[PDB]
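# Structure at a glance
For reference, the chains in residue letters:
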Amino acid sequence: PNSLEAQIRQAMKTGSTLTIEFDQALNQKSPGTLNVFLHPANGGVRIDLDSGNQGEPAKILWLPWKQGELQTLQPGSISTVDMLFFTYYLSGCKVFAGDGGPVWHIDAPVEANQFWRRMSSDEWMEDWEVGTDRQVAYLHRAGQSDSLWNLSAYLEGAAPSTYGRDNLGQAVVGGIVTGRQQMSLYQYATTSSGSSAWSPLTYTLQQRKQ
C-alpha cells in the first residue's frame, strides 16, 4: 500500500471505512500544525506521538478538545495542499467551520448562546456583517437538547449536519487542505453498532441574522 497518510486521504475521498484512533495526549497539543506519528490499527490508523511501532511521521493540522469550552483552529495555519486536518473525537461535541475561516470544536455541555458569544469575538466573525452570507459546515449530535446546539437565532439557511441519534454516538471530523486558508471536510460516526464510512461534511450557505 501507500503511506498511512495517503491511505487516510484516499479513504476520505472514496467514502471508505478507515477509523482513526487518537491518543488522548494529543489534547495537550495546541491548535495548529503538529508533527504526529501514524500507525496501523485494527480497521484504521492510530495517531499519537510515538515514533516506534511502525510509526510514519506526518505533519497535520490539529484541533484539540478542551472540557467545558471551545478550541479554535485559525485559518492562517492552513497552507499545504493535501495536508490532513483532524480534531479530537466529538463526544456530544459540536464542530463549526467557516469556509476560509476558523474551525471550532465546542464541548458537549456548552450552551449554544454561550459558545456563539465566544466564537463571535474572533476576527472572522467580527468581519461577518449582519445580513451577509458565509459558507458554513456545522455538525451536532442528533437528539441532543436544542439548548446545546441550535443556532437558528443567529443563522439563516440549511439545517445543520448531524451524527448519532437519541443523543447517543460519537463522530470524527477531519479534512484535506485544498489551498491557502481552505479545506474540504470529511466525517464518520460511531454507533454502539460500529463506525460508518467517511463522507463529506458539507458547507452550506448561511446568512447572519443578528
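Per the deposited record, determination of this structure is attributed to X-ray crystallography, with the resolution reported as 0.9900 Å.

Bringing the side chain of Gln187 into the picture now. Relative to the assigned elements, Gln187 resides in strand 13 (residues 182-191). When its relative accessible area of 11% is taken as the criterion, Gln187 is described as buried. From its side chain, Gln187 meets the backbone oxygen of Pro200 in a polar contact 2.9 Å long. Look past the residues within four positions of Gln187 in its chain and what remains in contact with it is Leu139, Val172, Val173, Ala197, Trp198, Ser199, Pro200 and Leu201.

Where like charges cluster on the molecular surface, the negative patch consists of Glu123, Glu126, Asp127 and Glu129. Along the polypeptide, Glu129 turns up in the loop between helix 3 (123-126) and strand 9 (133-141). Accessibility expressed as a relative area gives 46% for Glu129, which makes it partly exposed.

With that out of the way, let us pick up the pattern of salt bridges. Evaluation of the coordinates by the stated rule reveals six salt bridges. With its nearest N and O atoms 2.5 Å apart, the salt bridge here joins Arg46 to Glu21. Separated by 25 residues along the polypeptide, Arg46 in strand 3 (residues 44-48) and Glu21 in strand 1 (residues 19-22) bring together distant segments of the chain. Given the relative accessible area of 23%, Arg46 is considered partly exposed. With relative accessibility at 36%, the residue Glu21 sits in the partly exposed group.

Moving on: the environment of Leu185. For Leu185, the location among the structural elements is in strand 13. In this structure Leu185 touches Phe85, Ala97, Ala137, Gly174, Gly175, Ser199, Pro200, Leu201 and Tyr203, once residues within four positions along its chain are discounted.

Generally speaking, nonpolar side chains in soluble globular proteins are found buried as a group. Of all hydrophobic cores here, the largest spans 25 residues; its most connected members are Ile8, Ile20, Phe22, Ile47, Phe86 and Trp198. When residues of this core are traced back to their parent elements, those giving at least two are helix 1 (4-14), strand 1, strand 2 (32-41), strand 3, strand 4 (56-63), strand 6 (84-87), strand 12 (170-179) and strand 13. The element best represented in this core is helix 1, accounting for four residues. When residues no more than four places from it in sequence are discounted, the contact partners of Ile8 are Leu18, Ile20, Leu38, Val45, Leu84 and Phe86. In this structure, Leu63, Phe85, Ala189 and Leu201 belong to the second largest nonpolar core, which totals 22 residues.

Cut-offs and rules
Residues numbered from 1 in each chain as written, not as in the entry; some residues may be left out. Heavy atoms only, no water. Helix = DSSP H or I, 4+ residues; strand = E, 2+ residues; numbered from the N terminus. Buried < 20%, exposed > 50% of the residue type's maximum accessible area, 1.4 Å probe, protein only. Polar contact = N/O pair within 3.5 Å; in protein donor to acceptor, adjacent residues only side chain to side chain. Contact = heavy atoms within 4.5 Å. Patch = residues over 30% accessible without salt bridge, like charges linked within 9 Å, V, L, I, M, F, W, Y side chains within 5 Å. Areas by Shrake-Rupley, 256 points an atom, 1.4 Å probe, with all protein chains shown as cover. Salt bridge = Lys/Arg side-chain N within 4 Å of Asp/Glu carboxyl O. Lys, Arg positive; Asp, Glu negative; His and termini not counted. Charge placed at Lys NZ, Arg CZ, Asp CG, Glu CD. Core = buried A, V, L, I, M, F, W, Y, C linked by side-chain atoms within 4.5 Å.

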